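Residue-level listing of the chains:
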Amino acid sequence: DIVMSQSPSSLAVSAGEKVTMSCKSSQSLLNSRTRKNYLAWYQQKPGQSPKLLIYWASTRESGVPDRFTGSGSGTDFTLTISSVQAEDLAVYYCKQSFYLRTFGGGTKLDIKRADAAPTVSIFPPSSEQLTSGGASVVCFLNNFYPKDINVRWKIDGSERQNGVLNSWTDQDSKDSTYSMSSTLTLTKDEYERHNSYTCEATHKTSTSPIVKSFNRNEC
Amino acid sequence: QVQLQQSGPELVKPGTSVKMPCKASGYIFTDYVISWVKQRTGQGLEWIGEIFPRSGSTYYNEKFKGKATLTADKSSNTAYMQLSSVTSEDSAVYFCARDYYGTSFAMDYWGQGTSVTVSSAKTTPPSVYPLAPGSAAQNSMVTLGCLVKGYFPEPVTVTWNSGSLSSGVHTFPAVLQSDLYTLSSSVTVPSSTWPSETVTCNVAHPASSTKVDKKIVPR
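Residues numbered from 1 in each chain as written, not as in the entry; some residues may be left out. Chains lettered and ligands numbered in written order. Heavy atoms only, no water. Residues with missing side-chain atoms left out of burial classes, pairs and counts.

J.: Give me the overall build of chain A: which residues, what numbers.
T.: Per the secondary structure count, chain A includes two helices and 21 strands. The C-alpha atoms of chain A give a radius of gyration of 24 Å, which is well past the 17 Å a tight globule of 219 residues would have. Seen through its C-alpha atoms, chain A measures out along the principal axes to roughly 80 × 35 × 25 Å. For chain A, long-range pairs separated by at least 24 residues make up 58% of all intrachain contacts whose partners lie at least 6 apart in sequence. (Helix = DSSP H or I, 4+ residues; strand = E, 2+ residues; numbered from the N terminus. Rg over C-alpha atoms; globule rule 2.2 N^0.38 Å. Contact = heavy atoms within 4.5 Å.)

Written as structure tokens, this is what we have:
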């Protein structure tokens, strides 16, 4: 059983910059008769199913940009992205089909870019959720970089930690940013008691938190 | 149009079996091998095995021999994978792949993957709640959202105006809390579009065959 190995396991570069990535096999993938290496390279963008990039170690498949290039032979193989784009965010897997099939562990390409403060929005409970007895206050902190960001919830000025649920998107393929949703969930009774609800985002781009709030009894 | 069409999502009980179809159209189904590939949540890809539909001869990864069983129906151009006596370890996305054996030896076409969750937890449909913006001073683009709360299992798909609104959408990966998932999505559109026009969010939950549309009204 041919073992396959990729390095590095993660990888982060700027749009327009070159990036290479390595793939090793425990045995030679070259067939002496055909002169061909049975090593292929695939790209799996976030949410999507994988896509074939290169086969026979160096032959670029249809529907694949010319900036992708494969090279190597025997047991050492390389994938060059010659000018990385935002769209190229993905895990890249090499795979042998010389005997059975083995995929590498993957090389994650993260895209680095100029910092961005988050666009914060706060949403009171839907009238529909409050009818059912429940009360979720949601905060979207959109289009920020880098990915480290804290969120805090204040209730009538006092911090609240129980009942929060946080969720990060993968990096965006168009602008290289990240996003996060944070949801503070409560009963309707508990929600009905208090009046001011406040979502604070602490991010590298400011030392001052970005604050968004609303008053329940208002418009 | 070489297309590989895989069934929607599966909940299956521990100790039992799932049989999953991969329906092939756009080519001579018997001229190509079908490969099946596993992908656990936030993991690399793993090759399950391959079936030559012309002969029915199968090969596998030896980890899955006796766990996964591969068949093909030449009449209906449909490959199948059965997984028997399943455990939480079998929870994953499963792809089928067209496998150009004897020439490129690579998987040039991938189906869209079948999500398999192993649990005796019940199928629960989501509650979908509109997120209309409050009282605030935050004024050229408006951001709205949908809270999709209290469903099992994954996945749900979320679209805005049935897919018309594609740019400026962020759907956030669900989070499991106490046998129940919650997820959220946001859409960002011009202030000239809403509320003068309609922004509706479409929630499909194929496990419970739910499709809900939640119209985003103001206030």
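Right, picking up where we left off after that structure.
J.: Which residues make up the domain arrangement of chain B, and what values go with them?
T.: All names here are of chain B. The domain architecture assigned to chain B consists of domain 1 (2-121) and domain 2 (122-219). A separation of 31 Å is found between the C-alpha centroids of domain 1 and domain 2. Contacts between domain 1 and domain 2 engage seven residues on the former and nine residues on the latter. Buried area between domain 1 and domain 2, summed over both chains or domains, comes out near 610 Å², and the portion from carbon and sulfur atoms is 72%. It is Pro-9, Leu-11 and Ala-121 that lose the most area in domain 1 upon contact with domain 2, and together they represent 71% of the buried surface on that side. Here domain 1 and domain 2 share zero salt bridges between them. The residue makeup of the side of domain 1 that touches domain 2, split by class, is three nonpolar, four polar and no charged. (Domains from an automatic or database assignment. Buried area = accessible area lost by both parts, 1.4 Å probe. Salt bridge = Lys/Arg side-chain N within 4 Å of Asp/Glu carboxyl O. Nonpolar A, V, L, I, M, F, W, Y, C, P; charged D, E, K, R; others polar.)

J.: Could you give an account of the sheet that holds strand β18 (residues 210-215) of chain B, naming the residues involved and the relevant values?
T.: Residues and elements named next belong to chain B. Strand order in this open sheet of three strands is β14-β17-β18, and the pairing throughout is antiparallel. Taken across any chain shown, the strands that pair with only one partner, and hence form the sheet edges, are β14 (157-160) and β18. Adjacent strand axes in the sheet meet at a mean angle of 15°, parallel and antiparallel pairs treated alike. As judged from the four bridges shared by β14 and strand β17 (residues 200-205), these two strands associate in the antiparallel manner. Looking across to β17, one finds that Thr-157 is bridged to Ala-204. (Pairing = 2+ DSSP bridges. Axes fitted to C-alpha atoms, helices over the stretch in contact; angles between N-to-C directions.)

J.: Describe the pairing of strand β3 (residues 19-25) of chain A, with residues and values.
T.: A regular strand carries its side chains on alternate faces of the sheet. All names here are of chain A. With five of seven residues buried, β3 is to be regarded as a mostly interior element. As defined by bridge partners, strand β1 (residues 4-7) adjoins β3 across four bridges and the pair is classed as antiparallel. Its bridge partner being in β3, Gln-6 is matched across the sheet by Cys-23. Direction of pairing for β3 relative to strand β10 (residues 76-81): antiparallel, over a ladder of six bridges. Looking at β10, one finds that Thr-20 is bridged to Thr-80. (Buried < 20%, exposed > 50% of the residue type's maximum accessible area, 1.4 Å probe, protein only.)

J.: Please set out the interface of chain A and chain B residue by residue, giving values where relevant.
T.: In this assembly, 47 residues from chain A lie in contact with 48 residues from chain B. Its residues assigned to classes, the side of chain A that touches chain B comprises 20 nonpolar, 19 polar and eight charged.

J.: I'd like a rundown of the domain arrangement of chain A, residues and numbers included.
T.: Residue and element names in this part refer to chain A. Splitting chain A by domain gives domain 1 (1-113) and domain 2 (114-216). Look at where the C-alpha atoms of domain 1 and domain 2 centre, and you get two points 39 Å apart. Contacts between domain 1 and domain 2 engage eight residues on the former and twelve residues on the latter. Where domain 1 abuts domain 2, roughly 870 Å² becomes buried across the two surfaces, and 45% of that area is made up of carbon and sulfur atoms.

J.: Residues and numbers for the sheet that holds strand β17 (residues 158-160) of chain A, please.
T.: Residue and element names in this part refer to chain A. If you trace the four strands from one edge of the open sheet to the other, you get β17-β16-β20-β21, paired in antiparallel fashion. The sheet terminates laterally at β17 and β21 (210-215), the two strands that pair on one side only. Between one strand axis and the next, the sheet turns by 30° as a mean value, whatever way the strands run.

J.: Account for the pattern of salt bridges, naming residues and giving values.
T.: Taken as a whole and assessed by the stated rule, the structure comprises 15 salt bridges over all chains. Across the pair A:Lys204 and A:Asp115 runs a salt bridge, and its minimum N-O distance is 3.5 Å. Of the two residues, A:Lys204 is situated in the loop between β20 (196-203) and β21 and A:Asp115 in the loop between β13 (107-112) and β14 (119-123); the sequence distance between them amounts to 89 residues. The class of A:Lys204 is exposed, set by a relative accessible area of 63%. Judged by its relative accessible area of 36%, A:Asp115 is partly exposed. Note that B:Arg98 is salt-bridged to B:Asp108, the shortest N-O span being 3.1 Å. Placement of B:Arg98 in strand β9 (residues 92-99) and of B:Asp108 in the loop between β9 and β10 (109-110) is noted, with a sequence separation of ten residues between them.

J.: Got a sec to walk through the nonpolar core? Specific residues and values, please.
T.: All names here are of chain B. Counting residues in hydrophobic clusters, the biggest one holds 26 residues, and the most contacted among them are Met-20, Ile-34, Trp-36, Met-81, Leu-83 and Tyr-94. Contributing elements (two or more residues each) for this core: β3 (18-25), β4 (33-39), β5 (46-52), β7 (68-73), β8 (78-83), β9 and β11 (114-118). Among the elements that take part in this core, β3 stands out by supplying four residues, more than any other. Excluding anything up to four places from it in sequence, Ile-34 contacts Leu-4, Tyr-27, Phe-29, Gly-49, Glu-50, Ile-51, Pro-53, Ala-79, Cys-96 and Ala-97. (Core = buried A, V, L, I, M, F, W, Y, C linked by side-chain atoms within 4.5 Å.)

J.: How would you summarise the state of the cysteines if you had to cite specific residues and measurements?
T.: Chemically, a disulfide is nothing more than a covalent bond linking the sulfur atoms of two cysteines. Applying the stated criterion across every chain, the model contains four disulfides over all chains. Through a disulfide, A:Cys139 is tied to A:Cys199; the S-S separation comes to 2.0 Å. Negative torsions about the S-S bond denote left-handed disulfides, and the value of about -105° found for A:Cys139 with A:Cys199 makes this one left-handed. Remark: A:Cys199 occurs in strand β20 and A:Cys139 occurs in strand β15 (residues 134-144); sequence separation between them is 60 residues. The buried category is assigned to A:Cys199, whose relative accessible area is 0%. One disulfide bridge connects B:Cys22 with B:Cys96, the sulfur atoms lying 2.0 Å from each other. With the S-S bond torsion at 75°, the cross-link from B:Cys22 to B:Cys96 turns out right-handed. Of this pair, B:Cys22 sits in strand β3 while B:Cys96 sits in strand β9, placing them 74 residues apart in sequence. According to the relative accessible area criterion, B:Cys22 is buried, its value standing at 0%. (Disulfide = S-S within 2.5 Å.)

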